[PDB]
Amino acid sequence: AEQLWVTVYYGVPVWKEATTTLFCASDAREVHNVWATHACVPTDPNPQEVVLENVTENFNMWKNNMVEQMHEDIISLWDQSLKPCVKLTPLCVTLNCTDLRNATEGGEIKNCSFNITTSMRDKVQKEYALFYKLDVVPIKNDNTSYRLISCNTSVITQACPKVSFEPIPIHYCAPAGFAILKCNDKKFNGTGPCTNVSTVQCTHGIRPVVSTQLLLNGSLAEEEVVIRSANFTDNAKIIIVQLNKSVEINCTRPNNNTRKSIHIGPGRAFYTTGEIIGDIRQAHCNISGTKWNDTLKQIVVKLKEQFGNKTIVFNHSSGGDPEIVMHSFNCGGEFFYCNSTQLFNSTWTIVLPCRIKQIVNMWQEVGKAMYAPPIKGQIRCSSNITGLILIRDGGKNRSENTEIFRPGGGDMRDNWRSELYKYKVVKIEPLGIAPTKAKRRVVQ
Amino acid sequence: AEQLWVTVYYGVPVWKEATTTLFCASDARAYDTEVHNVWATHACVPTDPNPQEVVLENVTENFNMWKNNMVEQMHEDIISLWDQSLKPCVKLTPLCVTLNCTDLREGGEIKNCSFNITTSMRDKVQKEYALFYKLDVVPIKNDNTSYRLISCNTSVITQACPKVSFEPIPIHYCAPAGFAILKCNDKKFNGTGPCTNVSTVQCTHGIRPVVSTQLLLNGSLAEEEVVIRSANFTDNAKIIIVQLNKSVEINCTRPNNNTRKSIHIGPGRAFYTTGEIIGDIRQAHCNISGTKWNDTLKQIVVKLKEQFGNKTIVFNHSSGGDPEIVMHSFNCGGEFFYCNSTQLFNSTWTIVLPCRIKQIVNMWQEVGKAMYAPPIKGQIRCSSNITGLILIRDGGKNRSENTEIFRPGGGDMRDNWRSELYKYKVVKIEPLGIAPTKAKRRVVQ
Amino acid sequence: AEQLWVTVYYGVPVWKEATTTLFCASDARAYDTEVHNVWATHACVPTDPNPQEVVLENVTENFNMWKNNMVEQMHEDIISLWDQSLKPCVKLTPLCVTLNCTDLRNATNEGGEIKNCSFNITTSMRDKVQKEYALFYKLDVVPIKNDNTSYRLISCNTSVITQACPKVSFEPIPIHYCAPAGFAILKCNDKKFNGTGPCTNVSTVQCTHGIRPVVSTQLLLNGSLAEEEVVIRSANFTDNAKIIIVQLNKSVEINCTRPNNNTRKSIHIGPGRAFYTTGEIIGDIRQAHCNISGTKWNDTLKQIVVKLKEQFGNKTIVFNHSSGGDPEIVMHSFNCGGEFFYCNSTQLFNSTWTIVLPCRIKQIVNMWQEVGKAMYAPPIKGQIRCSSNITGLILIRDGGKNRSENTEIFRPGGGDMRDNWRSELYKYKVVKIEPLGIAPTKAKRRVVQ
Amino acid sequence: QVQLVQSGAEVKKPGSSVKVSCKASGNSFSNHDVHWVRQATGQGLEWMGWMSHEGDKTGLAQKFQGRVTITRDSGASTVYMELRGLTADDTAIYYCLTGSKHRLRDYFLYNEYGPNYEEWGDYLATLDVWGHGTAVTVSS
Amino acid sequence: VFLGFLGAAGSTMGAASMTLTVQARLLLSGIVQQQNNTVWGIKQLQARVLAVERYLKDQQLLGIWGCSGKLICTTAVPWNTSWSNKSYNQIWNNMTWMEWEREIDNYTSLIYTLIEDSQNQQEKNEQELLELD
Amino acid sequence: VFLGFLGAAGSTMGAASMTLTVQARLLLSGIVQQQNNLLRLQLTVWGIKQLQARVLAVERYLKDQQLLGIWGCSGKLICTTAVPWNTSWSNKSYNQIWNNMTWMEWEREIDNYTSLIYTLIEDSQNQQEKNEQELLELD
Amino acid sequence: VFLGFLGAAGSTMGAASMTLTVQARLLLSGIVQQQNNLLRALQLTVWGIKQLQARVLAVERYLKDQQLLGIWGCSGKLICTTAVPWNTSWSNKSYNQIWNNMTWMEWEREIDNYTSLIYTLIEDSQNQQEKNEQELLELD
Amino acid sequence: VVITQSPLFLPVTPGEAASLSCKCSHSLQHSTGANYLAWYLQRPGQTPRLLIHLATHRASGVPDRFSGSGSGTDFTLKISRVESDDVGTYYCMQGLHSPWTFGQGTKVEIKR
Ligand SMILES: *[C@@H]1O[C@H](CO)[C@@H](O[C@@H]2O[C@H](CO)[C@@H](O)[C@H](O)[C@H]2NC(C)=O)[C@H](O)[C@H]1NC(C)=O
Ligand SMILES: *[C@@H]1O[C@H](CO)[C@@H](O)[C@H](O)[C@H]1NC(C)=O
């Protein structure tokens, strides 16, 4: 051979999958939105496209440790925000409840009297507060009296109402030595090499979805609705549908008035519902029926294509617990529940009635709820539907034309994947040898 | 034209404004005050006994005192450092109980009151006595003149940790690596525009700030004459800070010998409140060296006229408001006394100024976590001196030049701290750069 | 005269005393468990199984058995780890409440040291009162006057963490320590080094052996042995203000037991916060104890006493009985399984020149000999056995204001982790490595201009 | 057995008053509650009112509210029942309580710093057999 | 315009030679967002410390690999005696760098060994002889 | 002797070359003060800031060293591979600036042409010079 | 061998100079930290905090000395020759006597009082010469 | 709460049992548990005597002729073997949380 001597040239890339820590980044500028909590790195004013003309790269939509990192961060942020705030247990003590009278329907709204032991040591003062249908624990040996559902083995309260959250399109990105690569490969099957791979300096901002069934106010698919799964034959998996065109939702408030609070101590207050102006049964969500139905038509067609037949993909009821039946939502930070089975009924303008629940189970492993403070004034909410998560299982088939797809659900991690499905964070590494016939001009 | 190459090798120190971080240093020793978190609480480094300075022959530089933002960073750190020292130490929320009292053996500023607390065992409630100040309580009807804690229904109820005194320690800064301090080193500079004896400074000076209002005590003095500075006194929206060239003695005493009693707050807690008075109960005041004060008034009056065209009669007493703007104050050993400053200026152009103590205070004049300041037995003396003051015109004056009345003001501690930073900037240095020179090209092949 | 220039390649054996920091080096086993202290070795760096050790040759270096930083930093690190461990655990202010206690029950098929105690205590709901029932030791409680000898929590006056956490607390394991790059560890070696001054058999060390920061009071357990003979050391053994540590050259058999028992009843007081109750004794009720042969004690104590007589001038001074102290000092404690044993050492100390020491067990302890806050050891299901780990002894000394020098009582002390760990750690020193490739010599640089 | 002492029988004019002194021999009253009744001839018993040895007191029957006042000699362990406005219909033999009450409570409530909001003061513990009692009558 | 970390990824050793200076200019970061000031309160420094170690480790390693700070030089270590039999022309003209680098996973330790013994220590031994006079 | 740190600001551009070693010491200055913190956990406000300062000073130093490394300039006070340039920027003589005024004045502008400067910086990374070197090693 | 810190402590430079080039291989222990740094993280404990601080400090020391080699014109060299005469740095002993008897840890003691000259004289005069030569070379 | 004692008069054959009752038209219980039961007897020429029958508690001296139980709105007392010695008025005691007063009085007599 020739004098194929070793040299080390690099300055051309190689990379490995990243296991690093990413940071909060946004159009950073008091933060009253937990997703940022108090601080966030300023954004990139000039993201670049930068295309790897001759390079494909292997992506996997369901294998992404960074979505897991986002979870670690949402939990940390929820706790960091309320960690230094007020936790309340006097509230465990029962209340005397009665149906609320409005101006001239079951006992959905109740006027309840609570014994307040706070402020000073020798006094206990009973006082009224309003509560919704999604009430606490009734007392088995009493007459319409109730004890706190969130007591027992936990203490749950909106410890400091000034700070809460509404999803904000906060992005995140890689530290020095790391870069993000994305797929520009249209209609990628979710696994294997992407044809067109380009750079991400930082990611697109993400507005977290905290609920089941629907994915609201996120990003859209191009051209057609896109249906993907880690495994489409494994019924244990949930299939996610990204919409190409969104569906409009406009929600209306039950009332327009106020909230009340209990003085617990010098910097400690607890909020409950105050006076009501309006017919409280009016809370509702107005969703275009036509757009929802047309949206489903496109989804149904894509599902038929995925089985190879003229299948029926039936919306059989699911959940068995409102937190996993309804795409509830934190409008203004407070959770609203309506009727997801009205919007998408047993098929394959709609106005949903709505209810309010202040104690809502978190995605946190502790199994504790977050308490939503009451909102003064009125609730107005708007967003468009940008995706749908579906489930089918049970073996109830017996026909090549029959399937049962109905709204399902997964983690916040799985909802965040909608954006993260397009990219991977990689570690920038140096290279090895660039051997050739040359010899060093050695004096030695 | 010769072939040029434009470049400067690293080491020609271009100056950029510094944006962050100071290097804390001091004449450190194994002091009990570090152990006790008196002022500096942790990583302040033993300093350089001989800091260097370089005078630059051809350098002058634009300076604006109200842009000395490094002061904000320092104030935020003292807040954070003390906030850490105070946690989870002395939580006094469980002590808001009522107090019953009418007097103690002037008016009844301090009363001997009875109350009960529980804690320190959940099996018992215990009645006790302690002394309380009217300044820290709120009256309650129909129970032998009952009172509640003034902070009972607001914010956070806490105490200064009892081992911690708050004597200002002259800790200084030398800036972090890659940074330097640029000092004006001249006289009669107005706080704006260029200053001329510019030098590179490794370190500057230690500062010993205190909680105060109208008064600046134990700071630096002016070189020749009292110096009056404001970002722009044209507006009544700006504040005037006055530096004296002579200090004036401050002399307060407790003036009696008190004792301390325990507060059994809970298991493992610090337990202290105000106890009995030994000897006669006497009223605090400072004996102020009025003769020196009066000379300063003459100089202050002159400067408030020299800078103000042909205006004649200047300066008068305050407009009133809360003690934080009205009375001068000093946290003497952590004792937050307010004194009636009126005798220092009850006119237009020996002093004994009565004092009172507010025991529950926001030492940062914000935050809201007001803390109780417990006493230590016996009487104390507060030996200190006046080095400056805060003034401002009201703008509510008539249209003549005959009068221009400035009154005692107040401000953030960081506003007084700028009086030190008044003479210098923190600069970031970036020595790599360019410049055309005739240069040979290297040709390899 | 030849003219000069300066510089040599660095790596010249020049060093300075180091600042002190300890780089934790793990055993590469710590990652397989679910307990504290070992978890601090999980969060550490596994090291090389065959470290470099190089003799400095014709060099001496100054080592000081009673001096400087290395153990003090371990002291603080252990406390910080201890506090991190307990910070998440419950304090239960209401645990202080007085309980009605009667003697411990058993089947009908020693005194009333363990009692059945009960009380009506407010639970996580503020208007509900539950029955508390648990077993307690007399050593952990205070009787109440004029109240049927009812009992309160003994440590109630101070800050108490009323949980060690049953899924957290565990005995420490050996950790190797490395110098940070730029620093190196030297070790004295030197069989029978006196503890002060220049060491003649010194070598450079690429990290220390594993040192186990484990707890015992007074008596050193689970360490290393002397090469040949017992090693008796003090900064000044004739200075009665100092105390002498003795390393054994032979280990001493230890067989300590604590009878089988259960755990039960997590009793909620707060919102997910509870007291974890001492369960029943399984089978017969007996006290803990330790079984050790006198042969081993006499063989080592005899050698020690003879050497002390010699060190002090062929005096007739001997090992003798303790002066007492706080119960935690009078009894010599140790931690097995998280249980705290306090053994009556007077079995060995009541002597001059199958031994079974009764042992007490206690749930409320302070860590080591630290003061301020206290915490308790949750009950351990099953039975506890401790064995074969005596490696050193106890710090000893006397004073005396008598005219006669014929007698002296060397009595015990120690249990201070700085002194205890220092007795082995001192073998090592950390120095700063300065790459000072500097030296004037002859010749000039081949300069063109 | 404690000798139960009571004022002797008396006759008063209409609209008048009498005081019944109920001394407990051995001063047992210092550890016992007093509650006092009237038994008209041929009738059952009614309480006029109650007092503990601890000083906790209230009237009971809402007809004696301003007719009977109850006080005590804490030294002599003697309770005094003063009856006013005596009329023909008040002829009866009067009796003091023997036995005791316990401070029963059945509403528990504590705050985080342990203040006590408990409801207590119910439940008679034992029953009251008294001695002869004393007749009070009215005539003219 | 060259893309450094990107673009060059699709090049052969020959073609990629144009961009070697570009990713080098781009190594780790532009550090602007770090100089211009959750878990990040701690992790930010951990990330910076590790980035620094990688930077310096590689520069020191390049010194082990003979030349550092002055582009790159070759040494007297024949590539083909610790490698496969693919032609260098495939490598320089018809193969991209990443494929080639993946092949190296089973050869990287052979070359590191050769470098520590030769490119590092024997070159130093020869350097010591040259500097003798 | 020498003026000391930032002494260059007190004189002309040519004179300023007298400080190239002073500034190299300026990079290292402060290492010598930080060790006194190590002589006295540390997870507090000053502790964190001084650690951040140590890290940031290094990050900046490394970036400048890297740029000198890109050029191959690093290791010398004066390195040279002259690059002819677009002298439309300045029509000043060299003596007009070098022996006439302080570099602090020179540097008052300059950034207006930072892109000219960066273009030269990019060419200066041995963009072509590296090829000439490869060719000589080869043939 | 690794003689220098690893065993040259027992000999003087007149002989140690024969082997002290080998110290260049102990730099591989810095390279090895790349393996230590593979350790996962997730919050830092006492050791994790101190280890990161230690890495930073090690870096400053590394750079301090590499920066000096740059300043001294010794970058990339084992031994560079900076032509600095004894001047006032001389103890009263010949350098030949010193090298043969140069126990490194005894010799440095002379340096302790001359170190200000070692650094000042080299950094200043070495760069004055290099700066002048290099500037002149750029012009011809 | 009120209290009455039907039938208020029980002439009996001596040796015959009596069955006494209490009606209060209120649900009584110790709030903490079992109902409070107490009774007393005042024979002609006597001050009250106790017949408590508080589930497990009786006054010392009460013979086995007497026993009883109940809860809520009522309770009873049975007297077996009624003798002339037991002639008198039987009073049923109220519960202890309203607070309490006394019984109505049921006469038990031997039939002539
Ligand atoms: C715990 O429960 C016992 C129950 O016996 C309480 O003791 C008292 O028992 C007498 C018996 O007649 C009752 O009358 C008292 O009212 C009971 N006291 C209370 C407060 O209920 C005991 O005091 C209870 N202890 C606590 C702390 O509640
Ligand atoms: C103790 O608390 C009780 C609660 O009723 C109160 O009445 C009493 O006055 C308190 N004692 C004092 C000294 O205030």
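Residues numbered from 1 in each chain as written, not as in the entry; some residues may be left out. Chains lettered and ligands numbered in written order. Heavy atoms only, no water.

Structure determination for this PDB entry is given in the record as cryo-EM, at a resolution of 5.7 Å.

Counting 88 residues, the largest nonpolar core has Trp 15 of chain B together with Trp 104 of chain G as its most contacted members. Not counting residues up to four positions away in its chain, the partners in contact with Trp 15 of chain B are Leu 56, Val 59, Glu 61, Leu 182, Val 427, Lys 428 and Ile 429 of chain B together with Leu 6, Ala 9 and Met 104 of chain F. Counting 79 residues, the second largest nonpolar core, distinct from the first, contains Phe 178, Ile 227, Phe 335 and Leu 388 of chain A. (Core = buried A, V, L, I, M, F, W, Y, C linked by side-chain atoms within 4.5 Å. Buried < 20%, exposed > 50% of the residue type's maximum accessible area, 1.4 Å probe, protein only. Contact = heavy atoms within 4.5 Å.)

With that settled, consider the packing of aromatic side chains. For the coordinates displayed, the defined rule picks out 47 aromatic pairs over all chains. The interplanar angle of 15° and the centroid separation of 5.2 Å between the aromatic rings of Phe 315 of chain B and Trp 349 of chain B together place this pair among those described as stacked. Of this pair, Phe 315 of chain B sits in the loop between β23 (313-314) and α4 (323-326) while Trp 349 of chain B sits in the loop between β25 (335-339) and β26 (351-357), and the two are 34 residues apart along the sequence. Relative accessible area serves as the criterion here: at 28%, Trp 349 of chain B is assigned to the partly exposed category. Through successive ring pairs, a cluster of aromatic residues spans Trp 79, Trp 83, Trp 97, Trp 100 and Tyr 107 of chain E. Looking at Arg 260 of chain B, its charged tip hangs above the ring of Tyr 272 of chain B, at a distance of 4.3 Å from the centre. (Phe/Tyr/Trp six-rings, centres within 6.5 Å; stacked < 30°, edge-to-face > 60°. Helix = DSSP H or I, 4+ residues; strand = E, 2+ residues; numbered from the N terminus. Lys NZ or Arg CZ within 6 Å of the ring centre and 35° of its normal.)

All right, on to the interface of chain H and chain D then. The partner chain D presents 22 residues to the 19 residues of chain H that form the contact. Approximately 1,700 Å² of surface area, both sides summed, lies buried where chain H meets chain D, with 68% of it carried by carbon and sulfur atoms. Taken together, chain H and chain D are joined by zero salt bridges. Taken together, chain H and chain D are joined by six residue pairs in polar contact. Looking at the side of chain H that touches chain D residue by residue, the classes come out as 11 nonpolar, seven polar and one charged. (Buried area = accessible area lost by both parts, 1.4 Å probe. Salt bridge = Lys/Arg side-chain N within 4 Å of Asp/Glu carboxyl O. Polar contact = N/O pair within 3.5 Å; in protein donor to acceptor, adjacent residues only side chain to side chain. Nonpolar A, V, L, I, M, F, W, Y, C, P; charged D, E, K, R; others polar.)

On the chain B side, the residues contacting the 66 residues of chain F number 62 residues. Between chain F and chain B lies a buried interface of about 5,400 Å² when both sides are counted; carbon and sulfur atoms form 65% of it. Ranking the residues of chain F by area buried against chain B places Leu 6, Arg 40 and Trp 46 of chain F at the top, with a combined share of 15%. The interface formed by chain F and chain B includes three salt bridges. Among the salt bridges present, the one from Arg 40 of chain F reaches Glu 34 of chain B, with a minimum N-O distance of 3.0 Å. Taken together, chain F and chain B are joined by 21 residue pairs in polar contact. Those elements that provide at least two residues to the side of chain F that touches chain B are α1 (20-28), α2 (31-34), α3 (45-71), α4 (95-98), α5 (103-106), α6 (114-123) and α7 (129-138) of chain F. The element that contributes the greatest number of residues to the side of chain F that touches chain B is α3 of chain F, accounting for 13 residues.

On to the domain arrangement of chain E, then. All names here are of chain E. Domain assignment breaks chain E into domain 1 (1-37) and domain 2 (38-130). On the domain 2 side, the residues contacting the nine residues of domain 1 number 15 residues. In this assembly, domain 1 packs against domain 2 so that about 1,100 Å² is buried in total across both faces, 65% of it on carbon and sulfur atoms. On the domain 1 side of the interface with domain 2, the three residues burying the most area are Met 13, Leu 28 and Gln 34, jointly 56% of the side's total. If you look at where domain 1 meets domain 2, you find zero salt bridges. Inspection of the domain 1/domain 2 interface yields five residue pairs in polar contact. Class assignment of the residues belonging to the side of domain 1 that touches domain 2 gives a composition of four nonpolar, five polar and no charged. (Domains from an automatic or database assignment.)

Another aspect to go through is the state of the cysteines. Residues and elements named next belong to chain B. The tally for this structure, following the rule as stated, stands at 32 disulfides over all chains. With a sulfur-sulfur separation of 2.2 Å, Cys 24 is cross-linked through a disulfide to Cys 44. In this structure the cystine formed by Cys 24 and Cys 44 twists about its S-S bond by roughly -80°; its chirality is therefore left-handed. Here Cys 24, found in strand β3 (residues 24-26), pairs with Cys 44, found in the loop between α1 (32-35) and β4 (45-46); they are 20 residues apart in sequence, far enough to count as distant. The same class applies to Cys 24 and to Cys 44, which are both buried. Residue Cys 96 pairs covalently with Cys 152 via a disulfide, S to S 2.0 Å. Given an S-S torsion of about -105°, the disulfide between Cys 96 and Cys 152 has left-handed geometry. (Disulfide = S-S within 2.5 Å.)

Neighbouring ligand 1 are the residues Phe 119 and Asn 120 of chain C together with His 102, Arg 103, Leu 104, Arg 105 and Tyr 123 of chain D. Residues within reach of ligand 1 are spread across chains C and D. In the environment of ligand 1, an oxygen atom lies 2.4 Å from a nitrogen or oxygen atom belonging to the side chain of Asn 120 of chain C. At 3.1 Å from an oxygen atom of ligand 1 is found a side-chain nitrogen or oxygen belonging to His 102 of chain D. (Near = heavy atom within 4 Å.)

As a further point, take the arrangement of the chains. In this structure chain D stays clear of chain G, and the shortest span between their C-alpha atoms is 32 Å. Chain E shows no contact with chain H. Their nearest C-alpha atoms sit 51 Å apart.

This part covers the sheet that holds strand β2 (residues 16-23) of chain D. All names here are of chain D. The three strands are arranged β2-β7-β6 in an open sheet whose pairing can be described as antiparallel. Each edge of the sheet is formed by a strand with only one pairing partner; in this case those strands are β2 and β6 (68-73). When the angles between neighbouring strand axes are averaged without regard to direction, this sheet yields 20°. Of the pairings in the sheet, the one linking β2 to strand β7 (residues 78-86) comprises eight bridges and is antiparallel in character. Bridge pairing in β7 places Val 18 opposite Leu 83. (Pairing = 2+ DSSP bridges. Axes fitted to C-alpha atoms, helices over the stretch in contact; angles between N-to-C directions.)

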